[PDB]
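Participant: Heads up: the sequence shown is residues 126 to 388, going by PDB author numbering.
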Amino acid sequence: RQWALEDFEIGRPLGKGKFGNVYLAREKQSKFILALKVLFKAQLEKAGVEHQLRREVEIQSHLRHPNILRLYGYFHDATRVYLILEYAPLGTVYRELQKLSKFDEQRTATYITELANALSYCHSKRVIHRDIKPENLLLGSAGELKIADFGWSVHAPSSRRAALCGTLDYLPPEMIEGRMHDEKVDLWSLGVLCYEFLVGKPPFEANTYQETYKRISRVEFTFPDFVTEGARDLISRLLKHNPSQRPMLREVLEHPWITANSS
Ligand SMILES: COc1cccc(-c2nc(Nc3cc(C)[nH]n3)cc3ccccc23)c1
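(1) Going by C-alpha distance, which of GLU221, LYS166, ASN146 and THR337 is nearest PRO298?
(2) Within the continuous beta strand (DSSP E) that includes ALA241, where are the two ends?
(3) When you compare only the Cα positions, how much space is there between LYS365 and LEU161?
(4) Suppose only complete runs of 4+ residues qualify. What are the alpha helix (DSSP H) ranges in the segment 254–288, listed by chain order?
(5) Less than 8 Å between the beta carbons of residue 389 and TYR295, yes or no?
(6) Rounded to the nearest angstrom, what separates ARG205 and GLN223 at their Cα positions?
(7) Beta carbon of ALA150: closer than 7 Å to some heavy atom of ligand 1?
(8) Pair every Cβ in the segment 315–334 with every Cβ in the segment 223–243, then say whether three or more of these pairs are closer than 8 Å.
(9) For ligand 1, enumerate in chain order all residues having a CB closer than 7 Å to any of its heavy atoms.
(10) Going by the DSSP bridge assignment, what does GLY198 pair with across the sheet?
(11) Measure the Cβ-Cβ separation of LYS143 and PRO368 and say whether it is below 8 Å.
(12) To the nearest angstrom, how far is the alpha carbon of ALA385 from that of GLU308?
(13) Would you tell me roughly how many angstroms separate the C-alpha atoms of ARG189 and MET300, rounded to the nearest one?
(14) Count the other CB atoms within 10 Å of the CB of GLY303; is the residue buried (16 or more) or exposed (fewer)?
(15) Within 10 angstroms of the Cβ of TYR334, are there 16 or more other Cβ atoms? Answer buried if so, exposed if not.
(16) With a 10 Å radius around its C-beta and 16 neighbouring C-beta atoms as the bar for buried, classify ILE209 as buried or exposed.
(17) When you compare only the Cα positions, how much space is there between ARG180 and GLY173?
(18) Taking the alpha helix (DSSP H) that residue 389 belongs to, which residues open and close that run?
(19) Hey, would you say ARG195 sits closer than 8 Å to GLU175, going by beta carbons?
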């Protein structure tokens, strides 16, 4: 548990990142393929994120779950902080949803099954409010999703203003109104995601901050024609204004639309 740049061979960049890029790395000893996040100190320094990184890391360290991108560890140098991450060979769900436009019920219901497991285990570890939008989602080699919502792992560079609203569309009423909140915020995310997987855009898109504030606080959304009865049933239950009328994660996994559709 005391790593350095030299335990690792360095391959190509997997992609342009936010405070640095991700690279293919290979542990010299095991010959194990890995991803390496490069986080430049000068850029964390400015942005004002230095201690936020520190926070996220010391937490992500103690989280082991098939649907969470493992952090194996990290280390720094003169100029860079290095995150040693699991490698998810396939893209982000975001890239997939861009070629496809939308997923079918089987895939969507599987995605939701895995986020529920990752989420219930998160809640069991006292960890809540997980940023599960599609660009925070990687695909492993079996097509299985991995939540990558820390260290800017798979964040594309952005304007800082572009990042501010990174997650507005995924925020529950109790968070955009500034009231206090509990684990139930993840159940609302799940509902957004489910709607986004089926239709190709999250339910509350709008132009202005204010218009998006309105649509979220008073839960104004509609389903297109094709969204089937069971899916509307599920989404509808998850997108309830009152936090405590949202299902337990358990009843999400037992919902008959999920069981009809996953694996
Ligand atoms: C902006 O989207 C980004 C940013 C950085 C890397 C990728 C990316 N990542 C991975 N896998 C990864 C990445 C990590 C930290 N573990 N496993 C695979 C890809 C494949 C095609 C294009 C892009 C990929 C995307």
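Every residue gets a Cβ at the ideal spot worked out from N, C-alpha and C, and that includes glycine.
Facilitator: From the atom records:
(1) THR337
(2) Not the beta strand (DSSP E): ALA241 falls in the alpha helix (DSSP H), residues 230–249.
(3) 39 Å
(4) none
(5) Given a span of 126 to 388 for the chain in the structure shown, any question on residue 389 remains unanswerable.
(6) 32 Å
(7) no
(8) yes
(9) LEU139, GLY140, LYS141, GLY142, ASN146, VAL147, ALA160, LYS162, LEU194, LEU210, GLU211, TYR212, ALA213, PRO214, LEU215, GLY216, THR217, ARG220, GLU260, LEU263, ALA273, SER278, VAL279, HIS280 and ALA281
(10) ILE209
(11) no
(12) 26 Å
(13) Approximately 28 Å between the Cα atoms of the pair.
(14) exposed
(15) Under this definition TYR334 is an exposed residue.
(16) Buried is the call here.
(17) 13 Å
(18) Residue numbering for the chain in the displayed model covers 126 to 388; residue 389 lies beyond these limits and cannot be assessed.
(19) no
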